[PDB]
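See structure below.
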Amino acid sequence: XXXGXXXXXXXXXXXXXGXXXXXXXXXXXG
Amino acid sequence: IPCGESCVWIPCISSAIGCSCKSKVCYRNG
C-alpha cells in the first residue's frame with residue numbers, strides 16, 4: 001500500500017510508479 | 001476517505017493503517 005511519500009532522507013520519487021522504500025515509507029505491494 | 005490526520009508538517013503516521021498523504025491530508029480509499 002503506501003503511495004503518499006516518505007523516504008527517511010531521500011529515496012522514493014514514487015519509484016516512477018513502482019513504489020519503493022520500506023520502513024521509512026514508500027509502498028507498492030503493501 | 002480521510003483518516004483523521006494531516007500531513008503538511010510530517011508524513012502520515014496513519015500509514016500504519018494504510019493511509020497516505022494526498023493534498024495535505026492523510027487518506028485511504030478516498
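We count from 1, first residue shown onward.
For this deposited structure, the header notes the method as X-ray crystallography, 1.2 Å.
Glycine residues also receive a Cβ, built from the backbone N, Cα and C atoms like all the rest.
Feature annotation from Swiss-Prot assigns disulfide bond to B:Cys3-B:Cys19, B:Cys7-B:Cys21, B:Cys12-B:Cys26.
Taking the features listed in Swiss-Prot, we show where each one sits on the structure.
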{"residue": "B:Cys3", "record": "disulfide bond", "Cβ within 10 Å": "19"}
{"residue": "B:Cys7", "record": "disulfide bond", "Cβ within 10 Å": "22"}
{"residue": "B:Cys12", "record": "disulfide bond", "Cβ within 10 Å": "25"}
{"residue": "B:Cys19", "record": "disulfide bond", "Cβ within 10 Å": "24"}
{"residue": "B:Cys21", "record": "disulfide bond", "Cβ within 10 Å": "22"}
{"residue": "B:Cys26", "record": "disulfide bond", "Cβ within 10 Å": "22"}
Distance from B:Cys26 (disulfide bond) back to B:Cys7 (disulfide bond), taken between C-alpha atoms, in Å: 6
Cα separation, B:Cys12 (disulfide bond) to B:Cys3 (disulfide bond) (Å, whole number): 9
